[PDB]
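> Attaching a single structure in structure tokens format; questions to follow.
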Amino acid sequence: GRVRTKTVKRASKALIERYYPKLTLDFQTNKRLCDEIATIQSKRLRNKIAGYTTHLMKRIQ
Amino acid sequence: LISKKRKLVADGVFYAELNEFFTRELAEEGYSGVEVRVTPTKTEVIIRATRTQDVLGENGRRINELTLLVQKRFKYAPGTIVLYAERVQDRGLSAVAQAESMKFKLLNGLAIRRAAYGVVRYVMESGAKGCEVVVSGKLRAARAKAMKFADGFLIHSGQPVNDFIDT
Amino acid sequence: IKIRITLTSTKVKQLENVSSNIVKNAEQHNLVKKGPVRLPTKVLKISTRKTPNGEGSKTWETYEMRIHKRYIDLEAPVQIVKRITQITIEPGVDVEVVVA
Amino acid sequence: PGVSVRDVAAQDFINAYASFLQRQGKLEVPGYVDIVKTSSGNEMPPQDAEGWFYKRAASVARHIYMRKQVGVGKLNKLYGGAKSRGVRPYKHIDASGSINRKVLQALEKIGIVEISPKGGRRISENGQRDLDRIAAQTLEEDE
Amino acid sequence: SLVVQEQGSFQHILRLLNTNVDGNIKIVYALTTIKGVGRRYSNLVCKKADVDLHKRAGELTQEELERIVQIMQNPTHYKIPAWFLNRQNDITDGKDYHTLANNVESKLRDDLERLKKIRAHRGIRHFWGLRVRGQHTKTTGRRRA
Amino acid sequence: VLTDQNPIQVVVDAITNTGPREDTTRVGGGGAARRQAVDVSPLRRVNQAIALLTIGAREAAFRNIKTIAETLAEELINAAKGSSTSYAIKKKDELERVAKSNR
Amino acid sequence: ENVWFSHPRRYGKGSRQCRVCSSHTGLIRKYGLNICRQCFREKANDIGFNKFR
Amino acid sequence: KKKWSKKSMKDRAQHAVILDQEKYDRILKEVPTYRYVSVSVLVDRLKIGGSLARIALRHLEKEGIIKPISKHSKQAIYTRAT
Amino acid sequence: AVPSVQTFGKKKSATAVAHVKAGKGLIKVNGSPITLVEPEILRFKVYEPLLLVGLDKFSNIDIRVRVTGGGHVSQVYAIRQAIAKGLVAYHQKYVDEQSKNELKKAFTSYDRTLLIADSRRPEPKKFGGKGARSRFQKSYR
RNA sequence: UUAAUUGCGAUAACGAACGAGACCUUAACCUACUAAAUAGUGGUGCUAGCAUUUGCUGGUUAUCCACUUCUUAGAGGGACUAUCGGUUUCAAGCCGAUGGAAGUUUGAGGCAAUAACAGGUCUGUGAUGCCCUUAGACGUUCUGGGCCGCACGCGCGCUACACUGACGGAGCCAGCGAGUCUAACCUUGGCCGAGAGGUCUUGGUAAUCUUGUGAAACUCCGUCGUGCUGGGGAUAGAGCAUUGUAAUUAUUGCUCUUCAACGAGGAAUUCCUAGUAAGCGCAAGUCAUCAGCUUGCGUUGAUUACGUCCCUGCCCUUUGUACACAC
């Protein structure tokens with residue numbers, strides 16, 4: 001299953017909480033921006049955090 | 001002489017033999033651990049303990065005796081191995097020190113409840129994020145039951161438990 | 001004189017900076033040399049039963065250990081075996097100086 | 001053109017070199033050709049009876065051409081095979097060392113394989129030219 | 001084409017070394033019926049006798065069967081390896097022998113009786129009927145009585 | 001060589017002529033046994049057709065002088081023209097008749 | 001005396017013992033460890049033997 | 001004990017091991033009518049043993065009629081060449 | 001500096017490198033012509049890249065392939081993948097896209113395995129059975 | 001809805017912790033970086049064979065030059081189900097098609113919570129309380145047997161029950177891993193012997209030498225024939241060697257001969273959804289010698305589902321209970 005863990009769910013909502021324009025409507029452009037913003041020790045974890053964030057970026061539109 | 005695979009297997013056995021000898025001999029000195037640093041000709045074995053004054057002891061005869069003791073066991077040559085004595089840092093976050101300390105308290109006759117909860121309070125007041133001690137055996141009766149004293153949170157699975165938790 | 005610096009250890013990070021320090025001392029002055037040769041890692045594996053007794057479902061284990069071997073090839077006269085011989089040794093990794 | 005031993009199929013060349021070894025038997029004929037089993041794994045002697053020695057010599061010489069140095073143990077390992085050890089499962093068993101030794105020495109007598117440095121044997125300078133001449137023949141026989 | 005006809009010299013059955021040798025099969029394998037002759041020994045006997053291996057037992061000229069027969073009863077005289085015989089270094093004399101159809105079974109009883117009379121371990125276990133090579137018998141060798 | 005048409009055509013018409021169209025299923029539910037007929041999907045028809053042809057030739061080649069090559073050829077040719085001697089055709093008759101009886 | 005230990009233990013299990021407890025039966029002679037398996041598990045992470053897979 | 005299995009082959013109709021004359025006229029006039037011929041075909045219909053078809057299959061292939069459509073490992077497929 | 005390109009290819013554990021330089025049409029594997037395979041049945045399987053598009057594009061190239069590892073079919077699958085990637089590489093350093101793009105489309109239009117290697121690899125064996133999924137025979141009573 | 005109290009959300013509950021997940025290792029990708037005769041590649045010289053006409057196949061460390069595609073790695077990148085079209089309060093998510101080396105948490109493992117067994121081990125421990133015992137000792141040690149002994153009954157396994165075969169020739173390709181110092185290991189090569197094996201030497205403390213482990217299953221030529229037979233090799237007899245102080249109830253290896261059951265296996269039952277099953281051999285562990293065992297590795301590589309709780313079991317909720325050592 002692709003059910004996201006609460007760790008990536010809560011962090012992604014917190015990212016959009018203070019960073020509306022930073023997370024662009026595309027995945028690749030803001031995927032590295034999430035790394036520059038939050039201290040993430042796993043490349044896999046930040047990949048999924050940006051994926052949910054980008055998907056949330058699309059839904060809010 | 002000795003292949004690299006056998007050489008590194010031997011030095012780990014050398015570490016295992018040296019660590020257990022120090023644990024059995026300097027148990028009352030609050031021994032924590034050892035670092036075996038090897039360098040050509042001379043080698044240094046740094047000893048970590050709380051009572052470093054007693055570790056060297058009486059002008060340093062005991063530490064010289066310990067140097068002479070591992071001398072004949074490991075078949076070295078005069079002046080090839082030197083024993084050091086470094087004071088242990090963050091003594092409240094060393095499970096080896098607390099395990100030995102609990103053993104002496106139990107051997108003396110101190111109450112198990114007071115000692116077990118006393119040591120765990122000392123641990124987290126030193127700056128830890130969690131501790132847990134288990135005492136099992138014949139307590140208060142013949143049938144053996146285990147007691148668990150804990151506070152805080154302790155992760156149990158994954159890489160980080162080996163990376164972080166010392167048992 | 002064909003000085004070769006052989007390094008074996010079990011910790012990759014500690015062996016890496018020793019080679020980095022050796023190679024950084026090499027690229028200083030002139031010291032035309034050969035870089036780190038990456039030998040395949042020797043992975044020991046002893047498989048043992050978890051059960052100390054004979055009772056229990058068959059559950060085996062594998063205690064492995066990786067050895068990383070890299071050698072550094074130098075080429076210069078005595079004016080660097082007064083200098084390279086100053087060992088930059090960290091705990092773990094070891095050095096064996098071999099000439100020719 | 002540029003044909004050689006590598007420009008030919010295995011079966012045709014070995015038979016062709018066996019053909020150009022039986023017509024004039026210059027090489028040798030050992031006294032125990034009809035009693036060997038070629039290995040301790042094989043259960044029966046070869047059914048070729050009359051030949052099978054120049055057939056092995058043809059295969060050995062062709063094997064020498066593509067390589068540089070081999071040994072009698074190397075030939076034993078190559079020419080061996082699985083052995084049916086009764087109810088026990090099969091196991092790899094080396095060939096008969098004396099047979100490959102006699103073939104290898106026989107190839108030395110004619111002048112097709114000689115000893116090489118770093119140990120082992122090697123194709124001969126006269127050996128290379130005649131073996132290549134065989135390839136130029138077997139292709140044109142079918143043509 | 002390697003096709004030849006038959007005139008009537010084919011005999012459907014043979015009798016060599018006082019035993020039945022059935023025809024219709026190749027000579028190398030039709031001689032395996034003799035008690036004491038196997039695939040390798042029959043191949044060796046036929047090879048030195050020059051009997052055209054690809055020949056049926058029935059389609060064999062009588063002058064070649066005697067040559068085969070004489071090799072059976074005296075192999076060592078016809079350049080046969082000393083290591084190609086079943087009875088090597090006989091306990092009675094020491095000369096390399098080769099037991100035949102009736103000799104194979106009879107000589108077998110003599111050596112067991114020699115083993116039995118001397119009261120050796122192999123002799124007594126042979127009389128008992130158990131294994132004599134040291135096999136386990138707890139779970140094997142049941143349907144024997 | 002025998003039955004001179006395109007062999008690929010012979011293969012495809014054979015499997016379409018030996019694929020069962022009706023089959024029975026377990027419905028025992030609760031009470032010893034009991035069958036019940038159902039239908040066969042086109043994919044299962046091809047799978048059953050191939051399986052029947054392979055097992056029939058394999059069994060007919062068991063302890064027999066005829067090699068598997070001619071046994072496969074005879075089985076496919078006979079099933080291609082819908083003759084009763086085929087093992088696969090006879091098996092298709094059994095399954096269809098069983099399903100028809102338990103309809 | 002000369003009969004106390006005259007038996008030649010140099011080619012079997014009786015010629016080898018653990019360096020920790022001198023225990024017989026199962027031992028680990030691989031890479032010249034000469035340690036029996038069950039205490040090898042206890043002191044596995046002292047010689048550098050870890051478990052990743 | 002009990003086996004719960006049968007033990008019987010049939011009735012071995014052993015036949016020619018050496019090619020005779022009364023069937024030499026048979027083969028030369030009967031196999032040229034075989035649309036498909038191989039080792040097993042004349043083993044069954046012509047009733048020929050093991051080491052005579054291989055010679056007979058080599059016979060006509062080298063001499064005449066039937067032709068190598070596909071002769072290969074353990075299968076010699078020949079037609080009614082005419 | 002004579003025209004040349006290089007490629008690689010794997011099936012399960014084999015490797016095959018094609019040094020496709022400018023030549024007169026020589027396709028050799030381990031010093032032997034392409035017509036000498038070994039399974040003698042997959043000879044047309046290694047003949048594949050020769051025959052999907054035509055031999056005219058093969059008249060100005062010589063593909064020399066060295067293979068190591070794997071079974072006989074694995075070696076064959078290594079050779080076909082190497083020469084197929086060797087053909088595109090020669091078209092990927094000299095010749096135009098129309099030559100290459102319809103070359104590189106048609107190869108995958110027939111089968112993706114010509115360029116894309118097989119991703120499946122052997123799985124490690126687990127204790128308790130002869131294989132990964134397989135387990136020893138357990139019984140009661 | 002999810003593999004998952006994993007999330008959407010609902011809501012006398014709020015905020016949390018452990019497990020799961022996250023994490024680590026390995027297998028896949030990198031023609032982008034660092035490189036490298038202990039890995040290779042191409043080129044320049046020396047040199048060989050075939051054709052010589054233009055070339056092909058080779059050999060060659062002091063002949064040198066250039067490179068890292070393949071070979072190994074270290075630092076890194078890549079994968080998040082991305083997009084589109086359907087389904088869903090239109091949320092979690094699910095399905096199909098639209099890149100890829102990888103779209104069943106990418107595959108496979110490691111780690112793995114609270115509570116419990118009155119589970120296994122005093123024959124692992126110089127960890128052990130208690131009991132017995134300590135000199136014709138229940139200690140240690142010596143010699144010879146024994147753990148193998150077979151009227152019989154069961155559990156893991158190896159050979160098969162022949163033509164998709166057996167046998168004899170050829171082609172004949174892997175990966176994991178191990179290997180001697182004051183010892184005697186892995187042994188290359190030459191010689192002797194049918195073979196086992198012996199002999200004189202060489203290389204190696206190891207990507208370097210054993211080893212390209214030239215393995216087997218596999219394929220092509222032949223022999224054979226549907227024959228308890230050339231299937232199958234139990235059972236024995238004789239001889240030749242290796243290991244050890246010692247082999248006798250043969251350690252094992254090699255040669256000849258003897259050629260028995262077994263013709264697809266009854267009630268019942270075991271494992272399995274992709275390189276997986278199965279067929280095939282190899283390395284390592286025990287080891288002076290002895291694999292039909294185990295742990296790993298690679299080779300060939302199917303059919304069959306994409307579902308269910310019918311059988312055997314598990315989780316949550318409701319319900320009933322005269323059960324609590326708990327059907």
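So you can find residues: chains in the structure tokens are A, B, ... in the order shown, residues in each start at 1, and ligands are numbered from 1 in order.
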Just list as a PyMOL selection string whatever in stretch 44-141 of chain B DSSP marks as helix (DSSP H, G or I).

chain B and resi 52-56+58-74+91-93+95-108+112-125

> Can I get the selection written as a short mmCIF file (atom, residue, chain, number, x, y, z; two decimals), in the first residue's frame, with C-alpha atoms?


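Saved result, out-v4.cif, follows:
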data_model
loop_
_atom_site.label_atom_id
_atom_site.label_comp_id
_atom_site.auth_asym_id
_atom_site.auth_seq_id
_atom_site.Cartn_x
_atom_site.Cartn_y
_atom_site.Cartn_z
CA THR B 52 41.44 6.44 37.93
CA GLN B 53 43.46 7.19 41.07
CA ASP B 54 42.97 3.60 42.23
CA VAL B 55 43.45 2.40 38.63
CA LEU B 56 47.06 3.59 38.69
CA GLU B 58 50.03 3.68 45.07
CA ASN B 59 52.51 5.73 43.01
CA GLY B 60 51.58 3.66 39.92
CA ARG B 61 52.69 0.15 40.91
CA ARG B 62 49.31 -1.37 40.02
CA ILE B 63 49.26 0.14 36.52
CA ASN B 64 52.87 -0.97 36.06
CA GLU B 65 51.84 -4.38 37.40
CA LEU B 66 48.95 -4.45 34.92
CA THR B 67 51.40 -3.51 32.15
CA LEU B 68 53.69 -6.33 33.30
CA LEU B 69 50.70 -8.68 33.59
CA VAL B 70 49.59 -8.31 29.97
CA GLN B 71 53.30 -8.38 29.09
CA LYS B 72 53.81 -12.07 29.83
CA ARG B 73 50.34 -13.11 28.67
CA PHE B 74 50.54 -11.58 25.19
CA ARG B 91 29.65 8.57 33.72
CA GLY B 92 25.86 8.67 34.07
CA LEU B 93 25.44 7.50 30.45
CA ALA B 95 25.59 1.24 31.14
CA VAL B 96 28.72 -0.74 32.04
CA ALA B 97 29.41 1.57 34.99
CA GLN B 98 25.79 1.41 36.19
CA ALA B 99 25.66 -2.38 35.81
CA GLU B 100 28.76 -2.76 37.97
CA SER B 101 27.48 -0.17 40.46
CA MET B 102 24.17 -2.01 40.82
CA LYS B 103 26.06 -5.28 41.35
CA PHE B 104 28.07 -3.86 44.25
CA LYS B 105 24.94 -2.36 45.84
CA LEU B 106 23.15 -5.72 45.61
CA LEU B 107 26.20 -7.59 46.94
CA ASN B 108 26.53 -5.23 49.91
CA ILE B 112 16.83 -3.72 45.31
CA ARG B 113 14.00 -1.19 44.94
CA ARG B 114 16.09 1.69 46.29
CA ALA B 115 19.19 0.80 44.27
CA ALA B 116 17.40 0.18 40.97
CA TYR B 117 15.36 3.39 41.16
CA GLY B 118 18.34 5.29 42.56
CA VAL B 119 20.58 4.44 39.62
CA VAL B 120 17.94 5.22 36.97
CA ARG B 121 17.28 8.62 38.55
CA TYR B 122 21.03 9.27 38.50
CA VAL B 123 21.15 8.24 34.84
CA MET B 124 18.56 10.66 33.45
CA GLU B 125 19.66 13.54 35.67
#

> Select residues of chain H: the criterion is any atom within 9 Å of an atom of chain J, counting only C-alpha atoms (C1' of nucleotides); output as a PyMOL selection string.

chain H and resi 3-9+12+49-51+73

> Show me, as a short mmCIF file (atom, residue, chain, number, x, y, z; two decimals) with N, CA and C atoms, in the first residue's frame, the residues that have an atom within 12 Å of residue E:15 when counting only C-alpha atoms (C1' of nucleotides), minus same-chain residues fewer than 5 positions from it.


data_model
loop_
_atom_site.label_atom_id
_atom_site.label_comp_id
_atom_site.auth_asym_id
_atom_site.auth_seq_id
_atom_site.Cartn_x
_atom_site.Cartn_y
_atom_site.Cartn_z
N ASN E 20 24.20 -70.92 -20.88
CA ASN E 20 23.37 -70.48 -21.99
C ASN E 20 23.79 -69.08 -22.43
N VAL E 21 24.08 -68.92 -23.71
CA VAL E 21 24.42 -67.63 -24.30
C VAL E 21 23.36 -67.34 -25.36
N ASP E 22 22.43 -66.45 -25.04
CA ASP E 22 21.35 -66.13 -25.97
C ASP E 22 21.87 -65.28 -27.11
N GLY E 23 21.36 -65.53 -28.31
CA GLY E 23 21.73 -64.75 -29.48
C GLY E 23 20.89 -63.50 -29.62
N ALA E 30 26.26 -60.17 -25.34
CA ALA E 30 25.71 -61.51 -25.20
C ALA E 30 26.59 -62.41 -24.35
N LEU E 31 27.87 -62.06 -24.19
CA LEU E 31 28.78 -62.82 -23.35
C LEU E 31 28.69 -62.44 -21.88
N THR E 33 26.20 -62.93 -20.02
CA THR E 33 25.42 -63.94 -19.32
C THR E 33 26.30 -64.92 -18.55
N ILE E 34 27.53 -65.16 -19.01
CA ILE E 34 28.45 -66.05 -18.32
C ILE E 34 28.72 -65.51 -16.92
N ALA E 57 25.43 -62.20 -31.84
CA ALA E 57 25.95 -63.46 -31.32
C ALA E 57 25.67 -64.61 -32.28
N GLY E 58 24.47 -64.64 -32.87
CA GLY E 58 24.16 -65.68 -33.83
C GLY E 58 25.00 -65.60 -35.09
N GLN E 62 32.11 -69.97 -36.27
CA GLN E 62 32.50 -70.86 -35.18
C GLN E 62 33.99 -70.78 -34.84
N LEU E 65 34.49 -68.20 -31.94
CA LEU E 65 34.00 -68.48 -30.60
C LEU E 65 35.00 -69.30 -29.79
N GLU E 66 35.70 -70.24 -30.44
CA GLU E 66 36.74 -70.98 -29.73
C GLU E 66 37.89 -70.07 -29.32
N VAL E 69 36.67 -68.39 -26.43
CA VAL E 69 36.57 -69.32 -25.31
C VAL E 69 37.93 -69.56 -24.68
N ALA E 101 31.97 -69.44 -15.22
CA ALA E 101 30.56 -69.65 -14.92
C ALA E 101 30.32 -70.53 -13.70
#

> Which neighbours of residue I:34 fall inside 10 Å, counting only C-alpha atoms (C1' of nucleotides), when residues of the same chain fewer than 2 positions from it are skipped, and could you give them as a list in words?

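Within the cut-off, the hits are residues 7 of chain D; 26, 27, 28, 29, 30, 31, 32, 36, 37, 43, 46, 47, 63, 64, 65 and 79 of chain I.
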
> Quick one: residues within 9 Å of residue A:8, only C-alpha atoms (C1' of nucleotides) counted, chain neighbours fewer than 6 positions away excluded, as a list in words?

residues 45, 46, 48, 49, 50, 52 and 53 of chain A

> Excluding residue F:46 and residues on its chain fewer than 2 positions from it, collect all residues at most 10 Å away from it, counting only C-alpha atoms (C1' of nucleotides), and give them as a PyMOL selection string.

chain F and resi 12+15-20+40-44+48-52

> Near residue F:22, within 10 Å and counting only C-alpha atoms (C1' of nucleotides), which residues show up once chain neighbours fewer than 4 positions away are dropped, as an mmCIF file with N, CA, C and O atoms, in the first residue's frame?


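The result, written out as part.cif:
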data_model
loop_
_atom_site.group_PDB
_atom_site.id
_atom_site.type_symbol
_atom_site.label_atom_id
_atom_site.label_comp_id
_atom_site.auth_asym_id
_atom_site.auth_seq_id
_atom_site.Cartn_x
_atom_site.Cartn_y
_atom_site.Cartn_z
ATOM 1 N N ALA F 37 -22.181 -27.791 -12.967
ATOM 2 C CA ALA F 37 -21.549 -27.368 -14.208
ATOM 3 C C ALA F 37 -21.473 -25.849 -14.306
ATOM 4 O O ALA F 37 -22.392 -25.129 -13.906
ATOM 5 N N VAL F 38 -20.353 -25.367 -14.844
ATOM 6 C CA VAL F 38 -20.120 -23.954 -15.108
ATOM 7 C C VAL F 38 -19.482 -23.824 -16.487
ATOM 8 O O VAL F 38 -19.311 -24.808 -17.210
ATOM 9 N N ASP F 39 -19.130 -22.596 -16.854
ATOM 10 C CA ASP F 39 -18.530 -22.310 -18.148
ATOM 11 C C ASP F 39 -17.027 -22.109 -18.007
ATOM 12 O O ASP F 39 -16.482 -22.021 -16.903
ATOM 13 N N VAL F 40 -16.357 -22.033 -19.155
ATOM 14 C CA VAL F 40 -14.905 -21.919 -19.231
ATOM 15 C C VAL F 40 -14.556 -20.630 -19.961
ATOM 16 O O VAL F 40 -15.100 -20.355 -21.037
ATOM 17 N N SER F 41 -13.655 -19.845 -19.376
ATOM 18 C CA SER F 41 -13.204 -18.621 -20.014
ATOM 19 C C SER F 41 -12.339 -18.949 -21.231
ATOM 20 O O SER F 41 -11.739 -20.025 -21.302
ATOM 21 N N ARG F 45 -9.718 -21.964 -21.717
ATOM 22 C CA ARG F 45 -9.878 -22.897 -22.828
ATOM 23 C C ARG F 45 -8.541 -23.170 -23.505
ATOM 24 O O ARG F 45 -8.211 -24.321 -23.814
ATOM 25 N N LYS F 92 -11.802 -34.023 -23.550
ATOM 26 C CA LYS F 92 -12.804 -32.977 -23.734
ATOM 27 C C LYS F 92 -14.211 -33.557 -23.738
ATOM 28 O O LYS F 92 -15.147 -32.941 -23.216
ATOM 29 N N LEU F 95 -15.165 -34.285 -19.954
ATOM 30 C CA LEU F 95 -15.517 -33.101 -19.176
ATOM 31 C C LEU F 95 -16.847 -32.510 -19.628
ATOM 32 O O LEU F 95 -17.671 -32.115 -18.793
ATOM 33 N N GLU F 96 -17.073 -32.429 -20.941
ATOM 34 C CA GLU F 96 -18.329 -31.875 -21.438
ATOM 35 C C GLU F 96 -19.510 -32.767 -21.078
ATOM 36 O O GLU F 96 -20.575 -32.269 -20.694
ATOM 37 N N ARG F 97 -19.346 -34.086 -21.201
ATOM 38 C CA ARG F 97 -20.422 -35.002 -20.836
ATOM 39 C C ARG F 97 -20.711 -34.945 -19.340
ATOM 40 O O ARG F 97 -21.877 -34.975 -18.927
ATOM 41 N N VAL F 98 -19.664 -34.863 -18.516
ATOM 42 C CA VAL F 98 -19.860 -34.759 -17.071
ATOM 43 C C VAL F 98 -20.599 -33.473 -16.727
ATOM 44 O O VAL F 98 -21.533 -33.472 -15.915
ATOM 45 N N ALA F 99 -20.198 -32.358 -17.343
ATOM 46 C CA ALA F 99 -20.892 -31.095 -17.113
ATOM 47 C C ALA F 99 -22.322 -31.148 -17.633
ATOM 48 O O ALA F 99 -23.241 -30.616 -16.998
ATOM 49 N N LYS F 100 -22.531 -31.781 -18.791
ATOM 50 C CA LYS F 100 -23.878 -31.893 -19.342
ATOM 51 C C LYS F 100 -24.790 -32.719 -18.445
ATOM 52 O O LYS F 100 -25.957 -32.359 -18.254
ATOM 53 N N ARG F 103 -25.926 -30.727 -15.129
ATOM 54 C CA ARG F 103 -26.294 -29.387 -15.568
ATOM 55 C C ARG F 103 -27.379 -28.793 -14.677
ATOM 56 O O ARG F 103 -27.091 -28.019 -13.764
#

> Taking only C-alpha atoms into account, which residues of chain D are within 9 Å of chain E, as a list in words?

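The selection requested is residues 34, 35, 43, 44, 45 and 49 of chain D.
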
> Which of these residues is nearest to chain E, using only C-alpha atoms (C1' of nucleotides): J:195, J:93, J:232, J:15?

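Nearest to chain E: J:195.
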
> For chain B against chain G, which residues fall within 7 Å using only C-alpha atoms, given as a list in words?

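Residues passing the distance filter: residues 6, 9, 12, 13, 15 and 16 of chain B.
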
> Those same residues, written as a PDB file, in the first residue's frame with N, CA and C atoms?


ATOM      1  N   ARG B   6      43.395 -12.989   9.038  1.00  0.00           N
ATOM      2  CA  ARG B   6      43.707 -13.587  10.331  1.00  0.00           C
ATOM      3  C   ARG B   6      44.220 -12.542  11.315  1.00  0.00           C
ATOM      4  N   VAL B   9      41.221 -10.662  12.721  1.00  0.00           N
ATOM      5  CA  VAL B   9      40.498 -11.565  13.610  1.00  0.00           C
ATOM      6  C   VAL B   9      41.251 -11.727  14.924  1.00  0.00           C
ATOM      7  N   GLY B  12      40.922  -8.484  17.284  1.00  0.00           N
ATOM      8  CA  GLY B  12      39.631  -8.466  17.950  1.00  0.00           C
ATOM      9  C   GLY B  12      39.567  -9.450  19.102  1.00  0.00           C
ATOM     10  N   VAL B  13      40.138 -10.642  18.911  1.00  0.00           N
ATOM     11  CA  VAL B  13      40.295 -11.582  20.017  1.00  0.00           C
ATOM     12  C   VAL B  13      41.212 -10.990  21.079  1.00  0.00           C
ATOM     13  N   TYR B  15      41.425  -7.813  21.657  1.00  0.00           N
ATOM     14  CA  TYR B  15      40.540  -6.868  22.332  1.00  0.00           C
ATOM     15  C   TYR B  15      39.606  -7.591  23.296  1.00  0.00           C
ATOM     16  N   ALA B  16      39.037  -8.719  22.861  1.00  0.00           N
ATOM     17  CA  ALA B  16      38.101  -9.452  23.708  1.00  0.00           C
ATOM     18  C   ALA B  16      38.792  -9.994  24.952  1.00  0.00           C
TER      19      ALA B  16
END
